[PDB]
Amino acid sequence: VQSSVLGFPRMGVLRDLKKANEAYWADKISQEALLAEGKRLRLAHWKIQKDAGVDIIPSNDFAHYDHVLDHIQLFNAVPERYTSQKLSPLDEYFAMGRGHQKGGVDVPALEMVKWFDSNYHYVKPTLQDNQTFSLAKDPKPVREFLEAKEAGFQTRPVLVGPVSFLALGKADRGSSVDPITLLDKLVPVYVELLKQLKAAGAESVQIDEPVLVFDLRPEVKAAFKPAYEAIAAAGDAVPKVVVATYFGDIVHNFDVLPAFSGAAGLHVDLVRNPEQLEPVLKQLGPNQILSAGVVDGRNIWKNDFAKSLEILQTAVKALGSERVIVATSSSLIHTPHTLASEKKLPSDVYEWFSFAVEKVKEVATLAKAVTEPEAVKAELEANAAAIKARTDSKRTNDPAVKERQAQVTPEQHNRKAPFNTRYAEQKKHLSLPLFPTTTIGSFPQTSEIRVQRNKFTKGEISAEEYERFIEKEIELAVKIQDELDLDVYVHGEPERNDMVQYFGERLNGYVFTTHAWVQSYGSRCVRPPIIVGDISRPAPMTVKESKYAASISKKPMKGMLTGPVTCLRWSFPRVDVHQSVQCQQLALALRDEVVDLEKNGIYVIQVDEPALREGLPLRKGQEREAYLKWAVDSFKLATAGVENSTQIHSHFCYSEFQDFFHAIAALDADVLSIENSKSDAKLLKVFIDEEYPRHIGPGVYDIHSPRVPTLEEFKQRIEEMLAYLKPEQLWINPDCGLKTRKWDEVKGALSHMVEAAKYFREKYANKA
Ligand SMILES: [Zn+2]
C-alpha cells in the first residue's frame, strides 16, 4: 500500500520563506537569491518526505505567497493593471498579492479571503467579461516537477481544478461575468498543461476540487462533466488523475461523481468525516483508487494508528490493497513544520503531538502497517501507549470541571429578563444620550507599548514597573476619551498582544509553543495556542486593568473579552473529546470572568466572537445546525450571568450575515457593532427584514485608513444608516479596534464622529 502527502508547509523550519520574501521586498537580497531560497526549501522538504518513506510526494504545493495566486499567473488570468507594469514574473506575482507602485500609479492587491473553514487566505481569481486563458511561459508545475525529478524526487503535481478555480473566483471591477461561464475557455489550458506534465514524466496528478464539500448551485455542478470528460478524452497523453476533496464530506454530491468516472482515484477527508468512508466506497468505479485521508492535516495531535488502521482495513477489504492509498486528510500547510523545534513544552504533552515532519512519517508507517504490521510493531506499540497516556492523563480527567459541566442547566443560558424589560434598567444606569458614541476596543499600539511588553515578558523589567506603565497608559486613554466627550469608554488594551494568547496564558488546559508557526496571509504566520486538557480559570484574567480603568472613568467602561468559540477555534483544539465539550468549559471559565468584571465596577461587557462564522460546517444540514446550537449556547452561557442593568456587547468584523443572522439574533446581545463604513448602507436591510429588536452600531469610520473623515462625511454616513435603522437603536462607533492607527488620526476622526453624533442629537431633539 502506498503513502501520500497532499502538500507540505512552505515556510521552512525557521520561517525561512518569510525572512527571504521580506528581505527581497526590502531590497536586501536579489531576485536570484530569493528564488534560490525557494528552491532550497522545496528540495529540503522533498527530502524530508522521501527520507520518511512517503511514496507519493507532492510538487506544485510550494508557493512564495499563495497557490491560487500561482494559478492566476499560470493561466495568464492577470488583469491589465498588473501586466502593463512590465514587471518580472515574480514582481507581477507579488503585485497581485501585496500591491505595487510603478511610476505615479499605485496598484492595489487582489482580494484575499479565507480558504474554506481554515485560517489560510487565498487570492481570488479576478476575471474580465472578455477573459481568455493561456498557459504561462515556463509553467510553474512543470518547472517544479523537473526540479524535483533532477534532484532524485519523483513527485505528483498538485493543481487546483478548473471548477474550483472559477467557483472561487469573481468578476473584476467593470465586469459582471459569472466566472463559471468561462469554463469552456479555461478547460483547454488545463488539458495542455496536463499534456506537458505527462511529457515531462509525471505519471499522476492530484487535482483538488475542494468546492465539492459545498452546497453547489446547478451551474457549478454542471461544470464538472465537460471539464473532466475533456481530461479523460486525452487518454494516455495526460497523467492519471486523483480528484481531491477535504474539510468536509461529499456524500451530498454523489450526483456529481459520475463526472470523474474516467479518473484514476478519489481523495476523501476521513478525519473530518470518517463516517463517509463506506457510502463513498459504494460510489467508486470498478478500478478507481481510494485515497483515504486519515492523518489530520488541520491539527497537531499524534495519529491514533489503531483507529486509522481499522478504517484502512475496511477500505482494503472492500477494494483490495492496490486500490487504497494512505493519505493526509488535507494539505499539511495548515500544520507547523516540526515538533523537534519545541524545547519548552511539558514533557508529558510531547508524546501526544505530531507536526508536519512527524505526520509525513505517520502516513508511511500506516502504509507499512496495513500489510506488514510486524515490520513496525515497536512503532505501533509506542503509538498505542501514547494514545492511552493521553486518555489516562490528569489533564484530560479534571473531576471538578466534569462535575461543573454535569450540573449546567438550560436556564443558566438565559438572561434574567428579555431586552424590553432589561433596557429600561440599562438606559438610566449608563445614562446614554441618543446616538451614544463609543469605540470597539484597542487603542494605538505604539513602539513603547510593544517595547515595554517585550521587556516584561523577557523579565528585563519587574511586574511592579510594568503594572505602573500599564496604569499610565490607561490614564492616558481615559484622559483622551474625556477630551473627546465619548459616552462609553474602553481601556485600550495596552497590556494585550493577541486576543487569544492573552486568555490562553491565563487558563488551565493550554500550552504554548515557540516555533509552531502556520502560514495565514501571504508571509504573515500565526502561532496558535494548543488546548491539551480540560479548561478552567485559576484567577481573574482581565479584572486588574478593567477595575483600574473604572476607578478613574467618568463614563461607563467596557470590559473586553474574547468569546468561547474563538478561544477554541483560534487555538488548536483537542481531538479526544468533542469541540462542544471544550467550548462549554471555556464558556464557564468566561462566565466567571464576566461576573468578576461586573463585581468590580464594570457594567458594559463586550464579548467578541470573530471565529464564529469561520467555524461553520461547509454545507447545510444537521452538522451545521449542531455547530450553531453549541456555539450559540456557549456564548449565552458565558454572558447570561449578568444583572439586567449590565449591557452585553458584541463586535462582528463583517457587514453581511448570509445564512446565519438567526445565530447572531439568538445571542441576545444588548448592543451589536458591525463593520460597515466601506460598504453600501443597503446591507443594513437585513436588520429590517429580520425585525432586529436590539441595538446596533454599524461602523462609520474606516479604521484601516490613516485619513481623517470630515464632519460632513460622518454626518452623511449617519444619515445613510438612519434610512435603515431606528434612531433609538443606533450607536455611533468605528468599524473596528484602533490598534493600527496613530493617536493624531484617532483624535481627529473621533472628534468629528462625536460632533456628528451631537449634530444628530440636536436634529432629533424634541420640538418645543
Ligand atoms: Zn472588527
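Counting begins at 1 with the first residue of the sequence. Hydrogens, waters and symmetry mates are skipped; everything else that's a heavy atom, side chains included, is used.
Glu712 and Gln716 share no side-chain donor-acceptor pair at under 3.5 Å. Of the N and O atoms on the side chains of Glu675 and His651, at least one donor lies less than 3.5 Å from an acceptor on the other residue. Under 3.5 Å, the side chains of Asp172 and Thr126 contain no donor-acceptor pair of N or O atoms. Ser88 and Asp91 are linked by a side-chain donor-acceptor pair at a separation below 3.5 angstrom, with hydrogens and angles left out of the test. At a cut-off of 3.5 Å, with distance as the only test, a side-chain donor of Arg10 or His67 sits close to an acceptor on the other residue.
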Quiz item: Going through the distances and angles, do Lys170 and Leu110 end up as a side chain to side chain contact (heavy atoms under 4.5 Å, CB included)?
Solution: CA-CA 11 Å; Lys170 62 170 216 191; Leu110 295 179; over 6 Å; no
Quiz prompt | Criterion salt bridge (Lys or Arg N to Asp or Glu O under 4.0 Å) on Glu144 and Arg42, from CA distance to verdict | solution = CA-CA 9 Å; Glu144 280 163 21; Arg42 290 190 297 277; 3.6 Å; yes
Practice problem: Verify salt bridge (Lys or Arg N to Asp or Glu O under 4.0 Å) between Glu192 and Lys195, making sure each step is shown before the conclusion. | Solution: CA-CA 5 Å; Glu192 184 51 29; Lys195 282 175 178 169; 5.3 Å; no
Quiz item: Are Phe133 and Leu127 close enough, and set up right, to give a side chain to side chain contact (heavy atoms under 4.5 Å, CB included), and what steps lead you there?
Solution: CA-CA 10 Å; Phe133 305 96; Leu127 309 173; 4.2 Å; yes
Practice problem: Could you please spell out the steps behind the salt bridge (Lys or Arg N to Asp or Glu O under 4.0 Å) verdict for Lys198 and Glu203? | Solution: CA-CA 6 Å; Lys198 180 62 179 165; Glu203 295 286 288; 3.7 Å; yes
Quiz prompt | Check against side chain to side chain contact (heavy atoms under 4.5 Å, CB included), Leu69 and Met96 | solution = CA-CA 8 Å; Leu69 183 57; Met96 285 186 283; 3.6 Å; yes
Quiz item: Can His64 and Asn21 be said to form a side-chain hydrogen bond (donor to acceptor under 3.5 Å, both in side chains), step by step?
Solution: CA-CA 7 Å; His64 272 276; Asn21 285 343; 3.1 Å; yes
Exercise. Decide side chain to side chain contact (heavy atoms under 4.5 Å, CB included) for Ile664 and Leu612; before the verdict, give the C-alpha distance in whole Å, the side-chain angles of both, and the deciding distance to 0.1 Å.
Key: CA-CA 10 Å; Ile664 307 307; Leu612 183 65; 4.2 Å; yes
Self-check item: side-chain hydrogen bond (donor to acceptor under 3.5 Å, both in side chains) between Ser677 and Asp702, intermediate numbers included
Solution: CA-CA 6 Å; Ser677 77; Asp702 174 23; 4.7 Å; no
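Summarising the geometry of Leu618 relative to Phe116, their closest heavy-atom pair is CD1-CB, 3.9 Å, with the distance given to 0.1 Å. The heavy-atom pair separating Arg741 from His704 by the smallest distance is NH1-C, 3.4 Å. When all heavy atoms of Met11 and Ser523 are compared, the closest pair comes out as CE-OG, 4.0 Å. Between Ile688 and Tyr724, the shortest heavy-atom contact is CG1-O, 3.3 Å. In this structure, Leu41 and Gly12 approach most closely via the heavy-atom pair CD2-CA, 3.8 Å. Between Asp129 and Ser176, the closest heavy-atom pair is OD1-N, 2.9 Å.
Taking the six-membered ring where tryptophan is involved, the planes of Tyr228 and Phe260 are perpendicular, since the angle between them exceeds 60° and thus also 30°. Using a 30° and 60° split on the angle between ring planes, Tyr65 and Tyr93 fall in the perpendicular class, above 60°. Ring-plane geometry between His121 and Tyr521 is classed as tilted, the angle between the planes lying from 30 to 60 degrees on a 0 to 90 degree scale. Relative orientation of the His337 and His45 rings is tilted, given thresholds of 30° and 60° on the angle between their planes. Ring-plane geometry between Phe165 and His71 is classed as tilted, the angle between the planes lying from 30 to 60 degrees on a 0 to 90 degree scale. Taking the six-membered ring where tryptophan is involved, the planes of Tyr120 and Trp115 are perpendicular, since the angle between them exceeds 60° and thus also 30°.
Distance check, rounded to the nearest 0.5 Å: NE2 of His267 to OG1 of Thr245 gives 6.0 Å. A distance of 12.0 Å separates NZ of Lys678 from OH of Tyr701, quoted to the nearest 0.5 Å. Taken to the nearest 0.5 Å, the CG atom of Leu186 stands 11.5 Å off from the OG1 atom of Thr181. Taking CD of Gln131 as the start and CG of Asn76 as the end, the distance is 9.5 Å to the nearest 0.5 Å. Atom CD1 of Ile703 is separated from atom NZ of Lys739 by 11.5 Å, given to the nearest 0.5 angstrom. Distance check, rounded to the nearest 0.5 Å: CG of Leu683 to CZ of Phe657 gives 9.0 Å.
Enclosure of atom CD in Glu22 by more than 12 non-hydrogen atoms of other residues, nucleotides or ligands within 6.0 angstrom is indicated. The local environment of NZ in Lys742 is sparse, with at most 12 non-hydrogen atoms from other residues, nucleotides or ligands closer than 6.0 Å. In this structure, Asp106 places its CG atom where more than 12 heavy-atom neighbours from other residues, nucleotides or ligands lie under 6.0 Å away. For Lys19, the NZ atom counts as loosely surrounded, since its 6.0 Å shell holds 12 or fewer non-hydrogen atoms of other residues, nucleotides or ligands. The environment of NZ in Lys240 is sparse: at most 12 heavy-atom neighbours from other residues, nucleotides or ligands sit within 6.0 Å. Around the CD atom of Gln658, the shell of radius 6.0 Å holds no more than 12 heavy atoms that belong to other residues, nucleotides or ligands.
Using a 4.5 Å heavy-atom cutoff, the side chains of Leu266 and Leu257 are in contact. Annotation: side chain of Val518 is not in contact with side chain of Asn119 (no heavy-atom distance under 4.5 Å). Residues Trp46 and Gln49 are in side-chain contact: their nearest non-hydrogen atoms beyond the backbone lie under 4.5 Å apart. Within the 4.5 Å cutoff, the side chain of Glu37 has no heavy atoms near those of the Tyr24 side chain. A 4.5 Å side-chain heavy-atom check between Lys124 and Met112 finds every atom pair outside the cut-off. Here the side chains of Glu209 and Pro162 are in contact, with some heavy-atom distance below 4.5 Å.
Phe661 pairs in a ring-ring contact (aromatic ring centres under 6.0 Å, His included) with only one of the listed residues (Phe652, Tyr692, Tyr654), which is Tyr692. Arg619 pairs in a side chain to side chain donor-acceptor pair (under 3.5 Å) with only one of the listed residues (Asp215, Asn253, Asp249), which is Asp249. Checked options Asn733, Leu672, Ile718, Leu684; the residue passing with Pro698 is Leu684 (criterion: side chain to side chain contact (heavy atoms under 4.5 Å, CB included)).
When atom types are taken as modelled, the side chain of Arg624 and the backbone of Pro617 share a donor-acceptor pair closer than 3.5 angstrom. Looking at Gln276, its side chain does come within 3.5 Å of a backbone N or O of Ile250 through a donor-acceptor pair. With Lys86 contributing its side chain and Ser84 its backbone, the two residues share a donor-acceptor pair below 3.5 Å.
With a 6.0 Å cutoff to the six-membered ring centre and a 45° limit on the axis angle, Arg298 counts as a cation-pi contact of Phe247.
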